[PDB]
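Shown next, in structure tokens, is the structure this report addresses.
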Amino acid sequence: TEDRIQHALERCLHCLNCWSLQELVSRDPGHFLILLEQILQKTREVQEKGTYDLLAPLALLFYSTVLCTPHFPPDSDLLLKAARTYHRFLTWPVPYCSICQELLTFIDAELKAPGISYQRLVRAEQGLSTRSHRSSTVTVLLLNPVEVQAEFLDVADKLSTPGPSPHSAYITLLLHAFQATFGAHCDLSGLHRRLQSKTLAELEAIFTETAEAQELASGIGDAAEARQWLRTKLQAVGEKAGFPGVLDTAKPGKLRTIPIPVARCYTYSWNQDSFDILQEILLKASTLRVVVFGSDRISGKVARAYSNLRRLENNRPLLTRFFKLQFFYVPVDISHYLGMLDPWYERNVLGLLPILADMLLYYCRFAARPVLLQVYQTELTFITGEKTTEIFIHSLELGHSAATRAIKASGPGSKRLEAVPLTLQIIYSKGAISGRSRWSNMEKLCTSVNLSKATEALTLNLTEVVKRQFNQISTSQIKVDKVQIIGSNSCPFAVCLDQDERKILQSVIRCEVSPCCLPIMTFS
Amino acid sequence: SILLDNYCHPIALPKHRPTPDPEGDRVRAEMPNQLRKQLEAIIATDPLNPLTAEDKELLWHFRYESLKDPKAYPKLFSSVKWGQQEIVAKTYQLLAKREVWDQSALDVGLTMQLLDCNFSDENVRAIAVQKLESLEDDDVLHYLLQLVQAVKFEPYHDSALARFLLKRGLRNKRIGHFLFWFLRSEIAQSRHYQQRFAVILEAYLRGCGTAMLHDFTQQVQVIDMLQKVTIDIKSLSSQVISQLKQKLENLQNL
Amino acid sequence: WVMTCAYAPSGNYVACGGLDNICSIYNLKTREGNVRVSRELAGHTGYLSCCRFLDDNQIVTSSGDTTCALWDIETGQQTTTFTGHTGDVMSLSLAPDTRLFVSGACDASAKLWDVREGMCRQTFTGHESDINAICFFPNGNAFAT
Amino acid sequence: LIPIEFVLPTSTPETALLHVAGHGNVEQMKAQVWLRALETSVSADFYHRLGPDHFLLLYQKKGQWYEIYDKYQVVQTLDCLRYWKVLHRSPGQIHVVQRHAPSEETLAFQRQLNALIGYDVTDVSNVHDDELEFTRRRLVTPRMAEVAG
Amino acid sequence: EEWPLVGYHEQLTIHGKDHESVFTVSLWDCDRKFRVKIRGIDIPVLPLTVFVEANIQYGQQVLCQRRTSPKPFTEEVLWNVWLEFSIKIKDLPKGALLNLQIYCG
């Protein structure tokens, strides 16, 4: 077991291996302490050797493991040793010190209160709330049938099914709560049977009296005292409850891996690109997890709905008055861009009840690193004088390409329905790394203008017509961040944002460009 | 452009604590007259002596033998290795007992080697300036050109040599005058350090009396006018001489 | 700044030292046949001035701290310390009988030591300057300085 | 928690008695005094209008005035505290004074000096830190002692 | 004149403290190695082969040396590269100079 875990770990940080290892450890509770010790040793191999690369995966592995470890020996030094191991990273750059300070807070919680993290996480996931401490982390899935894949659809259907029950959830949580503290002096079967006979209301009164001490003991300086005074608290509770003798038994009651009861997953079909679906769903202290499948074209639509929702809710906070938004991207051009960048993303979640749905109920609970692309604020003007600043996030277009898009996206019209050049003024700032921007101004006879991705930079495909008749085309890409397009009222142009035809715009006389809660996430 | 990686907390280097260092305390008998004879032949070399790592070693171990031989100091600290952290702690405990330097002979042909390019420490230059504090006004005047030329190497802007020149210029007047003119020449020339010299000079000019300020003002005006006339003149016979006469007469009028 | 060396009588080990204040013991017959450092005999407060192997596991060393010391190579610890000198100890010499050794110092005097116990048995004078070298007469009843 | 009674910039003059968070450094005390002035003060509108840079922290040492220029200085480096403890001045007092703008005399004097030197001393267009200006604020006391002597 | 007049290693170390009562980190606790990020250069106009060399210096001394590789001689060049130094962040002396030398060939 020991060497297999160590070698599987060597494989873990070098695509489903993370899973193979979570399963292997989940078999017999012993494996958990072995893996934890091995991780710790390796993290000191880094505390002393270098290669910053390997701090994030190892911190994640420690967090994931200790998060579910059924029970730690009262005499075990594993948590204090871990604290001493991660208390030497403060002399590293940011964010390593941030990661490590957060993890040390988690270790503080562990010592001061066992099983506090798992109980909090699940009670958020299951929507069960104490009269005082309310928590809800509801994962809702957005899926377009024809874009998503069969297997994935099966996963969504299974997750929509309310697998766990409130009464079963309460039973499981009381089980883990008693087994993290008492451990081998508690006979699972025993309690579990002195439990199923009870009722939901009392199972609540109890799980509440339990979670409350799981907090009050966590928030005390004497983690060891707090600990024994929490074993004592739970004991004094379980005595009244009515299962005495089940706990504190001189027999070596065995330990087992209590699973993680899946969170409340709802599925809603996405025959839409706007996020008004989300408000409509809402019409039906907490957080909301939104998971979506990443198609290629969908990219543009997705990012444009991201921008639209952000600005709309900035105008009036409605979806951010009771829930905090968490949006997850799942691959099925941004996919390629992120695929080669983050090796952890390309190892765990790029490739992807069934294995897929465990690694998706896993990815979604840990990843908390928002990596965002530079939204580009652009204010347009029309002949009528309308001015608004709506964003594009992947590329922009202008000229005859957007008109062609509309020409074919008209359906009924596209069945009943040359690039005349555009004498436009271009004022672009060639950005400087040092901050010394360089202005250059022209007026050119160009047909189509296509902003494309390279603070960030924007490459811009220019289509110059030196002569009309099969217009001449000299395509040149030039890096620019702030670009101003001026077009006479008598030269309106077909502007498209994000390559989506739903936002092909005309009548524009002026287009200003300049690089600029709900995050989209990246694994590492 | 460059980035130095950040830190959620700031990195505050302390200053070395001098503590009882007894290697000197209880090595008090005299050393083999062979080792002394091979060491004191090295020490009595040129001040441009290349110290081979052999020499730096032999001297760095004998670090309480050459602490009572001032004629060796710019050969002792030329050996100390600054690349480490224990070396510097030991060398800042070495300078904690200096009763055979302060009360030594005030040889100011030596102290002008503890304030040279090769030395950038914050206490080597401090002991050098402590030696110089006891000079007298005329002595200060004789070398003042190099003392000015020896604030370039002060690694920071604020230092002890600069405060020395400041304190000297506010109790004499010939020193004040020559200091003023030398600092002004460098500020007008040494673009590299001109900001530093300007800081020094302005910190000086707020202390002297009003009359000295006025005398400086008038000298500056005269030099300026003469510079104008000179630059005009070297723009190109007896007509030039007459134009010289006219310009000089006008300046008298101006 | 190595100053002394001493081939072991066994031929397996060689020792040296100097300004480092340590008697570094080297192994010629190493597991891999390389020249690996068996021990760093530290504890002296002055340069290592001289040393002689008693055996593969024992070695006497003199230093600039005005004392001698017997070492056990295994423990790397000064078995005995020979105090009494008032000057830097330049040299020593083991008698054919390993129980006695003499040492020369800058005090212009030599001292006979008891290896077994660690005491000064006799003190000889007559030199007007530092004693630079000393060794036992072949028989072991006399010595020259 | 260190109790310091602050001389308020505005009023009989009003004084605020606090419990300074002396564990940290001057920044904590600045935040605490700002919030206390915001809440307690009857004239809290006055300070609400004014931002954070419109007041300075000066303390009377042996009669004269000293500036707390660096908030990064730790509580121990604040010699006022040790001075008070030796004098047993509990609570201490730090004068929260209101800033002011330069007068014309000073500007003319500075232009005169800059003409003498040949190069501005208040130029901040080629510096990537405040080494120069702190050199200038530090050279004052040595010059004052030199002149007095 | 109206201008009013303006620690050791035992008190300023992480060891012996809880992370939530930490505000400073002595330069000597940092056992790591010094490293710098040379994003690139950008000149308004160039007034061949080119390449950088960075050094640490302490009074005409060169404690450590580093460099990079030849590059095109444009008006602006980028690497975003890292250069790591041999000297630990605890071995730095108060007064080190980070010299930055654009050579050409």
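Residue numbers (the entry's author numbering), protein chains in the order written: chain A, 9 to 22, 38 to 307, 512 to 559, 604 to 623, 649 to 713, 720 to 756, 767 to 781, 789 to 835, 866 to 873; chain B, 517 to 752, 760 to 777; chain C, 99 to 243; chain D, 37 to 47, 53 to 190; chain E, 321 to 326, 334 to 374, 379 to 436.
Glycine residues also receive a C-beta, built at the ideal position from the N, C-alpha and C atoms.
Check whether residue i and residue j have beta carbons under 8 angstroms apart
i, j, result
"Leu686(B)", "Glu187(D)", "yes"
"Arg398(E)", "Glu407(E)", "no"
"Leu192(C)", "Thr178(C)", "no"
"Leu257(A)", "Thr204(A)", "yes"
"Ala106(C)", "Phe151(C)", "yes"
"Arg516(A)", "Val161(A)", "yes"
"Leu90(A)", "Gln61(A)", "no"
"residue 788(A)", "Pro97(A)", "The model contains no atoms for residue 788(A), which sits in the stretch where chain A goes from 781 to 789 directly."
"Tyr193(A)", "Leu226(A)", "yes"
"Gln124(A)", "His346(E)", "yes"
"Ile40(D)", "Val61(D)", "yes"
Neighbour list for residue i in chain A, Cβ cutoff strictly below 8 angstroms
i, result
"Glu407(E)", "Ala734, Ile735"
Rounded separation between residue i and residue j - CA only
i, j, result
"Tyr111(C)", "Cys148(C)", "16 angstroms"
"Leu139(C)", "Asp153(C)", "15 angstroms"
"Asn743(A)", "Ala663(A)", "45 angstroms"
"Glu675(A)", "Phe175(D)", "45 angstroms"
"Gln762(B)", "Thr746(B)", "15 angstroms"
"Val137(D)", "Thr147(D)", "24 angstroms"
"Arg140(D)", "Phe87(D)", "14 angstroms"
"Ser417(E)", "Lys364(E)", "15 angstroms"
"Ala702(A)", "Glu720(A)", "15 angstroms"
"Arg544(B)", "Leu630(B)", "27 angstroms"
"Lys103(D)", "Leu119(D)", "15 angstroms"
"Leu173(D)", "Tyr659(A)", "52 angstroms"
"residue 715(A)", "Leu668(A)", "Since the numbering of chain A jumps from 713 to 720, residue 715(A) cannot be located in this structure."
"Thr725(A)", "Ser754(A)", "21 angstroms"
"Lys344(E)", "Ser220(A)", "49 angstroms"
"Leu144(A)", "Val285(A)", "11 angstroms"
"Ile605(A)", "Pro666(A)", "15 angstroms"
9 angstroms Cβ cut-off: residues of chain B touching residue i
i, result
"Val117(A)", "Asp521, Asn522, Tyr523, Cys524"
Minimum Cβ-Cβ distance from residue i to chain A less than 8 angstroms
i, result
"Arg398(E)", "no"
"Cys357(E)", "yes"
"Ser517(B)", "yes"
C-beta neighbour in chain C for residue i, strict 8 angstroms
i, result
"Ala605(B)", "no"
"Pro536(B)", "no"
Chain-ordered chain B contacts of residue i [CB-CB under 8 angstroms]
i, result
"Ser121(A)", "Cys524"
Under 7 angstroms by beta carbon: chain D residues contacting residue i
i, result
"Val715(B)", "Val162, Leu173, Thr176, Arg177"
"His673(B)", "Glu172, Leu173, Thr176"
Status (buried if at least 16 other CB within 10 Å, exposed otherwise) for residue i
i, result
"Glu602(B)", "exposed"
"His142(C)", "buried"
"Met217(C)", "exposed"
"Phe112(A)", "buried"
"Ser739(A)", "exposed"
"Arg123(D)", "exposed"
"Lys112(D)", "exposed"
"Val187(C)", "buried"
Min CB distance residue i to chain D below 8 angstroms
i, result
"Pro371(E)", "no"
"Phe350(E)", "yes"
Closer than 8 angstroms to chain B by CB, residue i
i, result
"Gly182(C)", "no"
"residue 376(E)", "Examination of chain E shows a numbering gap from 374 to 379; residue 376(E) is inside it and therefore has no coordinates."
"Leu117(C)", "yes"
"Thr223(C)", "no"
Beta-carbon neighbours of residue i, restricted to chain B and to distances below 7 angstroms
i, result
"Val165(D)", "By Cβ distance, chain B contributes nothing, its closest Cβ being about 10 angstroms from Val165(D), past 7 angstroms."
"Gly141(C)", "Under the 7 angstroms cutoff, chain B gives no residues; its nearest Cβ is about 14 angstroms from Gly141(C)."
Residue i: contacting residues in chain C (beta-carbon distance under 8 angstroms)
i, result
"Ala557(B)", "Neighbours of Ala557(B) on chain C: none; closest Cβ ~16 angstroms, over 8 angstroms."
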